[PDB]
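Here the Cβ is made from the backbone with ideal geometry for all residues, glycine too, and neighbour counts use every protein chain on show. Every number in this text was worked out from the coordinates using simple rules, so none of it is lab data.
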Amino acid sequence: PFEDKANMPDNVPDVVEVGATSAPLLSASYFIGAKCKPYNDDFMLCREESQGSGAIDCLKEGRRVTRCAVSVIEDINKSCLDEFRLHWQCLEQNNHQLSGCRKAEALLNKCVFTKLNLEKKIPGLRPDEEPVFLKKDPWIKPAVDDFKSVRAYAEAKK
Amino acid sequence: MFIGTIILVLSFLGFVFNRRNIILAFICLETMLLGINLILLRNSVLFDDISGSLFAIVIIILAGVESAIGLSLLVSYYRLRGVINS
Amino acid sequence: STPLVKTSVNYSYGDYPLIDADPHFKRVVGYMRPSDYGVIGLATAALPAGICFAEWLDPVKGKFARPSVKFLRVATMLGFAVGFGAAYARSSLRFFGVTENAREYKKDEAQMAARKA
Amino acid sequence: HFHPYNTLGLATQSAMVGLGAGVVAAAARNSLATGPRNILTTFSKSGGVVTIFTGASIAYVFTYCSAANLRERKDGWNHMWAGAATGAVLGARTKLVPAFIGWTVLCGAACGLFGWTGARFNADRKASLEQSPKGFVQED
Amino acid sequence: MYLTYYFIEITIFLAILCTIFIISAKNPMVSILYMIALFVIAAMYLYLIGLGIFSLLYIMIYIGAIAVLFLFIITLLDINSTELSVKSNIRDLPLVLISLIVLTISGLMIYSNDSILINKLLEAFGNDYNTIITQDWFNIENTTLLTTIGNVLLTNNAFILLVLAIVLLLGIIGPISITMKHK
Amino acid sequence: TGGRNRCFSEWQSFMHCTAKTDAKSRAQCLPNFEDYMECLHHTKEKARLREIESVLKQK
Amino acid sequence: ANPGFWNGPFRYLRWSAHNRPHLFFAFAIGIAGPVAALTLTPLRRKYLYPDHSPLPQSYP
Amino acid sequence: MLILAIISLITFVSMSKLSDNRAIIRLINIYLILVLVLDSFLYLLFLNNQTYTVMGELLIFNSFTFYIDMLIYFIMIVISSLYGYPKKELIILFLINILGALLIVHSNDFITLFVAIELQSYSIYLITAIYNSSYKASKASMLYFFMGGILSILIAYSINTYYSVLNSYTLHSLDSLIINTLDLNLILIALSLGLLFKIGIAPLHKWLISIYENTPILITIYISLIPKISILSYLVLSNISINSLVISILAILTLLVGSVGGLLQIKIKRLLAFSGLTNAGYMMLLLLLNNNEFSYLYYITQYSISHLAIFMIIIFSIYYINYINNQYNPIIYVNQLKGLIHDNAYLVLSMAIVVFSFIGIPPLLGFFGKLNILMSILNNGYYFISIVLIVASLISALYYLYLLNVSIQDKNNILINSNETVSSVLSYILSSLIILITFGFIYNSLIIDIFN
């Protein structure tokens, strides 16, 4: 019986965080990556060096690394709102098969690198990357019926 | 670990007080090897990932060969396949 | 190379036959061990007749015969194989000292020259 | 030094140990034959092995603590003079020849002479007493 | 808390109820019919405890192979059965089995942790009383794996796999050279 | 032969005690060892909980 | 009819694959496995490195 | 290089015309050459007996275990010569039994140990009933199987409790844990008594003995010696319990009395079965030690050579009986071989020196087996167990000398007219000559194992 414990309090010695939202942040996953990466690295480094001594990076890094992600999602909710919105709307269908929305990817990435000038640096030099135009692969099945007109118009207008 | 010790002990003293049917003794000795895994698996679950459960998949793969040699040896508890005898 | 950052430990000298992986170590490696050999490379040849010496071991298997018939080929294979292991048992060492130690003359130079791995 | 023992305190606990041994073992010996029957007649077969166990403690350790009250200070020489009384219950095992019961008494005494404590320890290099320390060599 | 779904774990009563059948059967093979019920109750236990994988392994390989082989033998060369646990065959049963059940209960007590007393004998029987374990949340588990880690350990401990290759080799060569009887 | 354990976190602070040879100091690892043991079985945890529920029982 | 006979191996593999061929064509696959697995170390000619990862904890 | 030999000659027994008396010559000479060209690991063996570990779970202790596998190879060469020169297709599983035994003499950790003891036990279950046209072997094999199954789950239950108290498995991780939680001690004595199925410690006593008399003599030489050395060599390689803490000493007390109180036996096989049981009980006494293995390593060879020798001598004594027993088992009564000294009395001399071996008259064996045993005992301080070992030696000597006193009384009517049966004679002569000339090189080994 996996019963749930749901106790409540609030602890004094630090300023509270701001949490984050649902599985649509999987679309924004690289978008926090290149910007908030050294914050991430210093957080996990300070966690690993204090051997067993957790709960002491909360006030420094447990606040800081969440501040950066909150800033990134606020920037993306003003910058490319519906471009984010239709993209995760695609991406909540198709099991989060992240291959399954790779045409609205290019719309969202072009919008981000336009306005918030980030990238998606998947580390590793050997193959090609995010523009593949698959050509022997497992592209999609239901090709995002509300979004094919979007990338079609982006090919049309732009 | 009640769940594995109880089935182990009952298989064991079933193997003691077995004044009937050689094969019930033989399968009680078999069920010892699954009375022991209910100990082993829940100790591994209470601990961790694969440390004791590797020994569990070992004892399953080997308990197969146990029953195989036990059958193929019980066939020769007599003469072979069948002849006149007494 | 050739694999991940996983490691395969094996310091093998026993009666269960093993070998070595691609590379990451300080002990004896896979392909260098067959090389850096000596004039003891016919030690495997010395066993190559020894299991073929079973004909000399035939002191009347049956009554009044000799020259066991052409399964010696099989014996010849084992006469190779054990001796091959005996040649592969000639791990002098990989860059230790206090032994015969031709490795500091015929394999120190290879670790000098191959300065890119 | 030593402490004299509670003779009753060892005695009743030892008698319960002997009776429990007579239950768990001297009634376990019912596999030996084809006279079958389970509970009421097990002790018909096995009245002569119970109190061979239970009488053994009442013979032995009662004598042992009484010897510790007589020749005190907890020496091994109690045991040889203890277990002879155990032979008396062995004498009750065979009331055939009193010369043989004196025989089994003295042989049980000589048996009891040695079994003081098997697997002795804390004797890292054993069996070398050392004299008074003047940079000693011929011990360890 | 869904009252029965908390005592759905205590299925050990069905285990002891099946095993009390397993040594006192009528026919010689209604017992080994009940043995597969014992194994599937063990599978229900393992699915309930958090490892359904080995439940499905037991269903695949015990009642898939070895229990099938018990049924396979018990058709041919069927041994002469004593009929059941008669009272004359329940002779000298209670007089050692009661003491043996007590001594083995003390052995299960001897599986306890560290106390040099009889306190540990009572401690394991009250182990559920003062405790209900607290699960946690996912701190950096990248890839999904249940028995994949078993093969990872089977790669680290590769030598026992290559030796149980030899024990399966023996499991096939033995029944050849003990029953075929070459000409 | 030790997978990613829920008790791996007490190997190191037990093994770094036996990094130096203080297992022949014979007691320097005993806090580390019995903390490893409390990771294994949660004994004094469990006695602490039994104590506080006994105090709960008397209210 | 004739079985296989070892002493002429070019002949043996013929009058194995022609009279009891059903184990021949199995063991042709059994030799196409590892022998071709040894003729790859030039044939990949350093084709690719997979480059997967669990969590990359970095350095100072 | 045993696995390569196994996979070679299982392919060699396949597509064989069931001649099957030549393949053992190949296995004998192959093990001979393998020992002759694999003894070169003794130089890299020991500077200070530096262990070497395969992958964390297997251990190579170059003074101890590298001698144990050499003894295994030696007695295997002797058995393989004994089948040469009545057989079925079996040496494949002889070699894999060896593989299991050598794994348990190299097993650092319990997974390898359990796999290998069970592999070994399966080999014993199979070898017991290869001679399937018996009524002796049919009963004995199934009895050995069921009790090996009980003792197998006793092994595994001991180690499962060991895992239940500690999430590791290795005894390398026991590392003088001196807080010594008491269940660790009880688990370890349970594992000890589990591995001690083969010695047939006096509560586990009788069941092996009917099996030994119900196998053919060409088999009961092999399995009165292989697991006898194997499980104990594991048990001395790792010293589980420093002392007994009286558990094991009671087992050997009731053994070495209560198996030598088994004096009156008319069956030969029972007689030297009790011999090989009680002399195995001897080396259990220095399982009760710590940091002591020289006496054990010397006593294995300076017992097992002579055990092999007395079996080979009563093999040679079939020819002289003027009666035989069953097809599989020739000579089961002592009184079959009465007037043997009026037959070829040189083998009576060999039988004499190998039984005076077992009683331990000084200048050949007993002053070098039992002397090392007794110095290992009295190093620790087990004063009582010394004198009961002495009583065990005397009462063992009585039924030992039973064989020589029935060996050389007087013959009814037999002297001499025959053909010959030889070329395995150098094997028995080698074992007898190494038995009664070890007093020459009894000091070279004392230096060599001091340097290992």
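Extending each Cα 7 Å along its Cβ direction at A:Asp137 and E:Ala165, get the distance between those two points in nm, one decimal.
Label at A:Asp137, label at E:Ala165, 3.8 nm between them.
Can you tell me the orientation of helix C:72-88 relative to chain C, as the angle in degrees between its alpha-carbon axis and the longest Cα principal axis, to the nearest 10?
Its long axis makes an angle of about 30 degrees.
Once both labels are modelled 7 Å past Cα along the beta-carbon direction, what's the H:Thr421-G:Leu43 spacing in nm?
About 6.1 nm, to one decimal.
Within 10 Å of each residue's Cβ, count the other Cβ atoms and sort B:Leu40, H:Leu389, G:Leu23 from fewest upward.
By the 10 Å Cβ count, ascending: G:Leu23, H:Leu389, B:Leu40.
Average partner chain C-beta neighbours within 10 Å, per residue of G:41-54?
That average works out to 3.
Taking the 0 to 90 degree range and rounding to the nearest ten, how far is the long axis of helix F:43-57 tilted relative to the main principal axis of chain F, both from C-alpha atoms?
Its long axis makes an angle of about 10 degrees.
What whole number of Å gives the distance from the Cα centroid of chain G to the Cα centroid of the stretch A:5-78?
Between the Cα centre of the stretch A:5-78 and that of chain G, the gap is 52 Å.
Which whole number gives the average count of other chain Cβ atoms within 10 Å of the Cβ atoms across peptide E:22-28?
For this peptide, the per-residue mean of nearby foreign Cβ atoms is 5.
Give the calculated FRET efficiency between D:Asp140 and H:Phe441 to the nearest 0.05, with a Förster radius of 30 Å applied to their Cβ-Cβ distance.
Working: r = 30 Å, r/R0 = 0.99.
Once the sixth-power term is evaluated, E becomes 0.50.
For helix G:21-32, what angle does its Cα long axis make with the longest principal axis of chain G, in degrees from 0 to 90 and rounded to 10?
The angle comes out at about 30 degrees.
Sketch the reach of a paramagnetic label on E:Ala37 as a point 7 Å from Cα along Cα-to-Cβ, and name the residues of the stretch E:74-106 whose backbone nitrogen lies under 16 Å away.
The answer is none, because no backbone nitrogen lies closer than 16 Å to the label point.
Whole angstrom only: what separates the Cα centroid of the stretch H:259-290 from the Cα centroid of the stretch C:1-50?
Going from one Cα centre to the other spans 45 Å.
Using the Karplus curve 6.51 cos²θ - 1.76 cosθ + 1.60 with θ = phi - 60°, what ³J(HN,Hα) values do you get for each residue of the stretch C:105-116, in whole Hz, with x for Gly and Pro?
10, 10, 9, 5, 5, 6, 6, 6, 5, 6, 8, 9
If you plug each phi of the stretch D:42-48 into the Karplus form 6.51 cos²θ - 1.76 cosθ + 1.60 with θ = phi - 60°, what whole-Hz ³J(HN,Hα) values come out, in order, with x for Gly and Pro?
4, 7, 6, 5, 10, x, x
Explain nothing, just the number: relative contact order of chain F, from Cα pairs under 8 Å at least 6 residues apart, as a whole percent.
Details: 23 pairs, mean separation 17.4, N = 59.
Relative contact order here is 30 percent.
For chain D, go through all pairs of different Cα atoms, get the mean of 1/r, take its inverse, and jot down that Kirkwood value in Å.
Taking the inverse mean of 1/r over all distinct Cα pairs, chain D comes out at 18.0 Å.
Net charge near H:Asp175, counting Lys/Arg +1 and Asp/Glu -1 over other residues with Cβ under 15 Å of its Cβ?
+1
With a point put 7 Å past each Cα toward its Cβ, work out how far F:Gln58 is from H:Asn180 in nm, to one decimal.
Distance between the two pseudo-spin positions: 3.8 nm.
Express the Stokes-Einstein translational diffusion coefficient of chain A in µm² s⁻¹, to the nearest whole number, given a Kirkwood radius over alpha-carbon pairs, 37 °C and a viscosity of 0.692 mPa s.
In µm²/s, the coefficient is 179.
Given contacts defined as C-alpha pairs under 8 Å and at least six residues apart, what's the relative contact order of chain G, whole-number percent?
RCO, chain G: 20 percent.
Let me know the shape class of chain F, please: from the alpha-carbon gyration tensor, a ≥ b ≥ c as square roots of the eigenvalues, rounded when a/c is under 1.5, otherwise prolate if a/b is greater than b/c, or oblate.
On the way: a/c = 5.36, a/b = 2.01, b/c = 2.67.
Oblate shape, in that a/c is at least 1.5 and b/c is the bigger or equal ratio.
Counting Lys and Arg as +1 and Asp and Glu as -1, what is the net charge of the other residues whose Cβ lies under 13 Å from the Cβ of H:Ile98? Write out the running numbers ahead of the final one.
Values: positive: none; negative: C:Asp15, H:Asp69.
It works out to a net charge of -2.
Could you list H:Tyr169, H:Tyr144, H:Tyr83, H:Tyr323 so that the one with the fewest beta carbons within 10 Å of its beta carbon is first and the one with the most is last?
So the residues, fewest neighbours to most, are H:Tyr323, H:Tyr83, H:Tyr169, H:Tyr144.
Could you work out the mean count of beta carbons from other protein chains within 10 Å of each residue's beta carbon in H:113-125?
Working: counts 1, 5, 12, 5, 0, 9, 9, 1, 2, 11, 4, 0, 8.
Counting Cβ atoms of other protein chains within 10 Å of each residue's Cβ and averaging gives 5.
Over chain H, what number does the Rg to Rh ratio reach, with both radii from the alpha-carbon atoms and Rh per Kirkwood? Before the final figure, lay out each step's value.
Numbers: Rg = 21.6 Å, Rh = 22.8 Å.
When Rh is taken as the Kirkwood radius, the ratio is 0.95.
Rounded, prolate or oblate: pick one for chain B, where a ≥ b ≥ c are the square roots of the eigenvalues of its C-alpha gyration tensor, a/c under 1.5 means rounded, and failing that, prolate if a/b is larger than b/c, else oblate.
Numbers: a/c = 7.06, a/b = 1.95, b/c = 3.63.
Note, shape of chain B comes out oblate.
With all distinct Cα pairs included, what does the Kirkwood hydrodynamic radius of the protein assembly as shown come out to in Å, to one decimal, could you say?
Result for the protein assembly as shown, one decimal place: 36.0 Å.
May I ask you to sort E:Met60, H:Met312 by Cβ crowding, counting other Cβ atoms within 10 Å and putting the fewest first?
The fewest-first ordering by Cβ neighbours comes to E:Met60, H:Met312.
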